[PDB]
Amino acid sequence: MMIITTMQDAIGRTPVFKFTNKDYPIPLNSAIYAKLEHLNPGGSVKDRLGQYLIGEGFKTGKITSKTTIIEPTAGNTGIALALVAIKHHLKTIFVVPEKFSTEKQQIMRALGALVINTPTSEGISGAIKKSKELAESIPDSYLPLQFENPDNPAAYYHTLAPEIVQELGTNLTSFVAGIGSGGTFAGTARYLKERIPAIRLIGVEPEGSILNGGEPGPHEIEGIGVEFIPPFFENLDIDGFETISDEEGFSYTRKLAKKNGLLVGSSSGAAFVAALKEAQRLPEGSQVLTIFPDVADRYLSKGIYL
């Protein structure tokens, strides 16, 4: 491999898992390609976001040696920012709704971050509000606000999307990806659409998310789901959103481990189910791309694998 002097040097260049009709009920000569972002050193796709936000921040002068980074997060963005902050010894404060993965919060604190909790029932919106309060009261603070910052999708446009095309070329029928903030989906989709105008775009949410108009509500699937429509979707021709039940998402999370040796989180299982439904509706020979965002190990304290 390589000799590294920073864990930042290990971010990206992740493999792609190829699934065919020999693995799962998929049409003849069709394939699903899953970009394995869980193999990042921070254990999620958000490692790329962290690296990009801090890197660009130093270039624009939004981040200096004096800066405290404050961000609301479900966990992974916090881990990624804390990991990347180490090289420049930046202080970090993450606002996390309480019952999101305790493992992720432990890891954030292990990396030197302060973790402040908000109530689970105010969701991510409550975390955003609280993060804004802290920033006003902390000198030299910087609030990336992944939920609205166009640098969120741009991170993936510039890092993850080029890697996909480098490995897979332009022979893709569809791109299917879970939506939380919407950055991964929107940034990657923009890049693919520029090179593959005919590609189909499917966003994936759990039951109790609002993208298909349904009522908001709790869901065991963690990492995806929106409480507000992401602002990153305006220039995008999205073909549909796929709503995945907890039962189905966890079922395919368990199958990915048992059948394929992939130890991925419930948001990966959800994305995979959505990719299987998309492959099943397309002609033979279709090539469907998805992303597996994070590792299963941060959810062992919950049901995952039961």
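The first residue of the sequence shown is number 1, and the count goes up from there.
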Original post:
Which has higher Cα B-factors on average according to the PDB entry: 264-272 or 250-258?
Top reply: 250-258
Subject >> Residue stretch of maximal mean CA temperature factor, 24-32 vs 66-74 >> reply: 66-74
Original post:
For the listed residues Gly169, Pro162, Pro231, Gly183, which one has the largest C-alpha B-factor as given in the deposited model?
Top reply: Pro231
**OP:** Name the one of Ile107, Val176, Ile224, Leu143 with the greatest CA B-factor according to the PDB entry.
**Re:** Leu143
Original post:
Comparing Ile4 with the other modelled residues of its chain, is its CA B-factor in the lowest, middle or highest third?
Top reply: lowest
**OP:** Taking the chain's C-alpha temperature factors as the reference, tell me which third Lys87 falls into: lowest, middle or highest.
**Re:** middle
Original post:
Of the three thirds of its chain by CA temperature factor, lowest, middle or highest, which one includes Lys59?
Top reply: highest
**OP:** Grab the CA temperature factor for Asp237 from the record and place it in the lowest, middle or highest third of its chain.
**Re:** highest
**OP:** Quick one: classify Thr188 as lowest, middle or highest third of the chain based on its Cα B-factor.
**Re:** lowest
